[PDB]
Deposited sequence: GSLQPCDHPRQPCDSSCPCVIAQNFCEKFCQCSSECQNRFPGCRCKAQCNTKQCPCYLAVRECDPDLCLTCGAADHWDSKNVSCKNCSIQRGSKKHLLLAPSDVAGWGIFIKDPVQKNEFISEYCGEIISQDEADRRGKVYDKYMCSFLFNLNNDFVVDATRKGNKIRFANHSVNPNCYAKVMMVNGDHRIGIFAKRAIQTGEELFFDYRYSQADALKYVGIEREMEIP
C-alpha cells in the first residue's frame, strides 16, 4: 500500500509498524512522533544537494524545509527544492523538428540534472484505461506511463513540458519523488543536453 500512513496511537514504530515492515520511511502523514527513528533525517549538505552525496537526492526526495536546515532548503543554494518552489529550466514550445509540436530547452543541462516538474494527475493504469475507452469531453489529451502501475494525466492540470514528444531513445526521464509527503514527478536530463535541443520522453515507461 503506497503512501499509507501508520496509525498506532501510543505505540512506537517498531517491527509491528507497517512502515517498518514494508521497509519504507515514515512520512509527514504518519501519526507517529516527529522523533520517530523510522523517519527520514534529511541532510546537512552545505549547498547543491544534486548528487548521490546528498542523503535526500539519493533517497529520491526533495529537501525538507524543516529538516534540511543548512543546505539552503530553509530559505537558492539548494538545487533539490525546485518542485516545491516551482522552479524550472527555460523551455520553448515550437514546431517540432520531427513533426507537430515540440519542447526545446533554452538552458544547458548536465546528465541527471533537473529540468521541470511534470504537472498532472497521477492515476492508476486502471483509471487510465477507463478514461481511454470512455467518451471524453477533452479533445487533445496528454498522458504517459510512469511505470506499469501508474500514469500521469496532464490533459486538465498539465504544464508546458507535456508537449515534449515520444521517443524510444529519449534524452529525458521521470523520477517519482517524495515532496513534502506527496509524490510529485520530476523530469531529469538522461544525458547532457545543449541549448536549442528538442526534449523527448519514452511514453511507454518514463520512470528510468
Just jot down which stretches of the deposited chain sequence have no CA coordinates, in the order they come.
-> 76-81, 215-229
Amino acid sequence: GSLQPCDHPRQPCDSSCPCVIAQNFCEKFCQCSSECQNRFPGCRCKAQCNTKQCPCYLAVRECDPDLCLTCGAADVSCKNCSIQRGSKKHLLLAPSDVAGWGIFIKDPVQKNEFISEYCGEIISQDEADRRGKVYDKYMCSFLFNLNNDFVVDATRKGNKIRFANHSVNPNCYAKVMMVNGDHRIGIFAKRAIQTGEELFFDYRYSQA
From here on, numbers count along this sequence of modelled residues.
Select between 23-31 and 136-144 the stretch whose C-alpha atoms have the higher average B-factor in the entry.
-> 136-144
Per the PDB entry, mean CA B-factor is higher for 94-102 or 122-130, namely for 94-102
In this PDB entry, which of 61, 162, 175, 46 has the top CA B-factor?
-> 46
Highest-ranked of 168, 54, 69, 36 once sorted by CA temperature factor in the record = 69
Would the CA B-factor of residue 78 place it in the lowest, middle or highest third of its chain?
-> lowest
